[PDB]
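What follows is the content of run-v8.cif (mmCIF, C-alpha atoms).
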data_query
#
loop_
_atom_site.label_atom_id
_atom_site.label_comp_id
_atom_site.auth_asym_id
_atom_site.auth_seq_id
_atom_site.Cartn_x
_atom_site.Cartn_y
_atom_site.Cartn_z
CA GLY G 179 -72.55 32.51 25.39
CA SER G 180 -69.33 33.24 23.50
CA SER G 181 -67.57 36.54 22.84
CA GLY G 182 -66.92 37.91 19.37
CA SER G 183 -64.02 39.72 17.74
CA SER G 184 -64.68 42.33 15.05
CA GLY G 185 -63.12 41.40 11.72
CA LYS G 186 -62.09 44.30 9.49
CA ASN G 187 -62.55 48.00 10.22
CA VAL G 188 -65.67 49.94 9.24
CA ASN G 189 -63.86 52.69 7.33
CA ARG G 190 -60.40 51.95 5.95
CA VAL G 191 -57.68 54.40 6.98
CA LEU G 192 -54.98 53.70 4.40
CA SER G 193 -53.10 56.63 5.93
CA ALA G 194 -49.41 57.29 5.32
CA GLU G 195 -49.04 56.60 9.05
CA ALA G 196 -51.35 53.58 9.04
CA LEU G 197 -48.84 51.87 6.74
CA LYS G 198 -47.16 48.74 8.09
CA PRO G 199 -43.71 47.15 7.56
CA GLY G 200 -44.04 44.19 5.21
CA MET G 201 -46.07 45.57 2.32
CA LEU G 202 -44.64 44.79 -1.12
CA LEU G 203 -44.64 47.83 -3.41
CA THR G 204 -42.85 48.32 -6.73
CA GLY G 205 -40.84 51.53 -6.77
CA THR G 206 -38.77 53.30 -9.41
CA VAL G 207 -35.43 55.08 -8.98
CA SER G 208 -36.00 58.83 -9.25
CA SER G 209 -32.40 59.99 -8.86
CA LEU G 210 -28.98 58.72 -7.79
CA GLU G 211 -27.74 59.98 -4.42
CA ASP G 212 -24.33 59.81 -2.76
CA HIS G 213 -25.82 58.34 0.42
CA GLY G 214 -28.30 56.07 -1.33
CA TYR G 215 -31.05 55.93 -3.94
CA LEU G 216 -34.44 57.64 -4.10
CA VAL G 217 -37.48 55.43 -4.70
CA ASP G 218 -40.68 56.74 -6.28
CA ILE G 219 -43.83 55.80 -4.36
CA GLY G 220 -46.25 58.45 -5.61
CA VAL G 221 -46.93 60.39 -2.42
CA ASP G 222 -46.80 64.07 -1.47
CA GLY G 223 -44.62 64.71 1.56
CA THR G 224 -43.55 61.11 2.11
CA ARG G 225 -39.91 60.51 1.17
CA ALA G 226 -38.40 57.07 0.57
CA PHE G 227 -34.65 56.49 0.72
CA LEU G 228 -32.64 53.31 0.13
CA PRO G 229 -29.37 52.44 1.91
CA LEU G 230 -26.22 51.93 -0.16
CA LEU G 231 -25.75 48.62 1.65
CA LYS G 232 -28.97 47.19 0.23
CA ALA G 233 -28.91 49.15 -3.03
CA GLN G 234 -25.27 48.35 -3.77
CA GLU G 235 -25.92 44.71 -2.91
CA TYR G 236 -28.73 44.44 -5.45
CA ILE G 237 -26.80 46.40 -8.07
CA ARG G 238 -23.57 44.46 -7.63
CA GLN G 239 -25.47 41.18 -7.91
CA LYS G 240 -27.60 42.59 -10.73
CA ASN G 241 -25.65 45.18 -12.70
CA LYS G 242 -22.43 43.37 -11.78
CA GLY G 243 -21.67 46.59 -9.92
CA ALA G 244 -22.79 49.46 -12.15
CA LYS G 245 -24.57 52.76 -11.54
CA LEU G 246 -28.35 52.60 -11.93
CA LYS G 247 -30.63 54.64 -14.19
CA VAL G 248 -33.59 56.99 -13.80
CA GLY G 249 -37.19 55.79 -13.82
CA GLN G 250 -35.74 52.29 -13.61
CA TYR G 251 -37.77 49.57 -11.89
CA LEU G 252 -36.39 48.50 -8.52
CA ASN G 253 -37.77 46.09 -5.91
CA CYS G 254 -38.40 47.59 -2.47
CA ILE G 255 -40.33 46.65 0.67
CA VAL G 256 -41.44 48.73 3.65
CA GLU G 257 -39.22 47.86 6.62
CA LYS G 258 -40.02 50.80 8.90
CA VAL G 259 -42.49 53.70 9.05
CA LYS G 260 -41.79 57.19 10.39
CA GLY G 261 -44.22 59.01 12.65
CA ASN G 262 -44.53 62.32 10.82
CA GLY G 263 -43.81 60.63 7.50
CA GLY G 264 -40.23 61.83 7.76
CA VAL G 265 -38.13 59.06 6.22
CA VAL G 266 -39.18 55.64 4.93
CA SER G 267 -36.99 52.54 5.12
CA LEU G 268 -37.03 50.43 1.96
CA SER G 269 -35.27 47.13 1.28
CA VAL G 270 -35.00 44.58 -1.54
CA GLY G 271 -37.07 41.50 -0.77
CA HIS G 272 -38.97 40.38 -3.86
CA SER G 273 -40.68 41.61 -7.02
CA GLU G 274 -44.38 41.68 -7.91
CA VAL G 275 -46.52 41.71 -11.06
CA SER G 276 -48.22 44.90 -9.87
CA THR G 277 -46.24 47.69 -11.52
CA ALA G 278 -47.08 51.16 -12.84
CA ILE G 279 -45.01 53.57 -14.93
CA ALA G 280 -44.59 57.24 -14.03
CA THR G 281 -43.89 59.30 -17.15
CA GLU G 282 -45.52 62.46 -18.51
CA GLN G 283 -43.47 62.66 -21.71
CA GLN G 284 -40.85 60.83 -23.76
CA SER G 285 -37.30 61.98 -23.00
CA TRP G 286 -34.06 60.22 -22.06
CA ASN G 287 -30.34 60.98 -22.01
CA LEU G 288 -28.09 58.35 -23.59
CA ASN G 289 -24.35 58.84 -23.09
CA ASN G 290 -21.75 56.20 -23.95
CA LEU G 291 -19.48 56.75 -20.94
CA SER G 292 -16.83 54.22 -19.89
CA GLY G 293 -14.36 53.84 -17.04
CA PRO G 294 -12.36 51.53 -14.75
CA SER G 295 -13.85 48.25 -13.54
CA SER G 296 -12.75 44.84 -12.27
CA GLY G 297 -14.40 41.49 -12.92
#

Rewrite the structure from the file as structure tokens, please.
Amino acid sequence: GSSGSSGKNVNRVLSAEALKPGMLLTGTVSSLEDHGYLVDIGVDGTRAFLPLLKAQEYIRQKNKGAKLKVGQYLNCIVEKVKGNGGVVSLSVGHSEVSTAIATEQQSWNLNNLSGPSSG
């Protein structure tokens, strides 16, 4: 009588390649780069980089324009996915309750450094 469309898939793929642009995931800054900022996602092989245009925009509006820190929580959303998991495109869209910390031990470097800045 009437056709039928299969709902969900039998066996989930959840593959680094199966990923789709639009998923909200909370990432943490691993290190500060000259071209952008590295975001921790917890994956082997997959690298996530953030553009200075988006990163600087969030920092300027957040840290009134001030360098970020390590292991710091930063909002990021998948905008594009690479074929061979080469480079991932992240962008600031919104935060989410879901958040996990990535630390094996307690250690931090606190240095009271100052410099030029305009308000």

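Residues matched by the PyMOL selection byres ((chain G and resi 283-296) around 12) in this structure: residues 238, 242, 243, 244, 245, 247, 248, 249, 250, 279, 280, 281, 282 and 297 of chain G.
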
To test your reading of the syntax: which residues would the PyMOL selection byres ((chain G and resi 223) around 9) return for the file shown? Reply as a PyMOL selection string.
chain G and resi 221-222+224-225+263-264

Residue 275 in chain G surroundings by all atoms listed in the file, 12 Å radius, close-in-sequence under 6 positions cut, as a PyMOL selection string:
chain G and resi 202-204+251+253

Can I get the selected residues back with C-alpha atoms, as an mmCIF file, in the coordinates of the input?
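This went into out05.cif:
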data_model
loop_
_atom_site.group_PDB
_atom_site.id
_atom_site.type_symbol
_atom_site.label_atom_id
_atom_site.label_comp_id
_atom_site.auth_asym_id
_atom_site.auth_seq_id
_atom_site.Cartn_x
_atom_site.Cartn_y
_atom_site.Cartn_z
ATOM 1 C CA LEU G 202 -44.640 44.790 -1.120
ATOM 2 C CA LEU G 203 -44.640 47.830 -3.410
ATOM 3 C CA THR G 204 -42.850 48.320 -6.730
ATOM 4 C CA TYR G 251 -37.770 49.570 -11.890
ATOM 5 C CA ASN G 253 -37.770 46.090 -5.910
#

Could you pull the residues within 8 Å of range 181-198 of chain G, counting all atoms listed in the file, minus those fewer than 6 positions along the same chain, as a list in words?
residues 224, 256, 258, 259, 260, 261, 262 and 263 of chain G

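CA of residue 231 in chain G sits 8.4 Å away from CA of residue 214 in chain G.
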
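Distance check against residue 255 in chain G using all atoms listed in the file: of G:276, G:241, G:180, G:267, the minimum falls on G:267.
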
I'd like the interatomic distance between CA of residue 213 in chain G and CA of residue 274 in chain G, to a tenth of an Å.
26.3 Å

Residues within 6 Å of range 227-229 of chain G, please, as number ranges by chain. Count only C-alpha atoms; anything in the same chain fewer than 3 positions from it doesn't count.
G: 214-216, 232-233, 268

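CA of residue 239 in chain G lies 23.7 Å from CA of residue 266 in chain G.
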
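Residue nearest residue 240 in chain G, chosen from G:252, G:179, G:278, G:211 and counting only C-alpha atoms: G:252.
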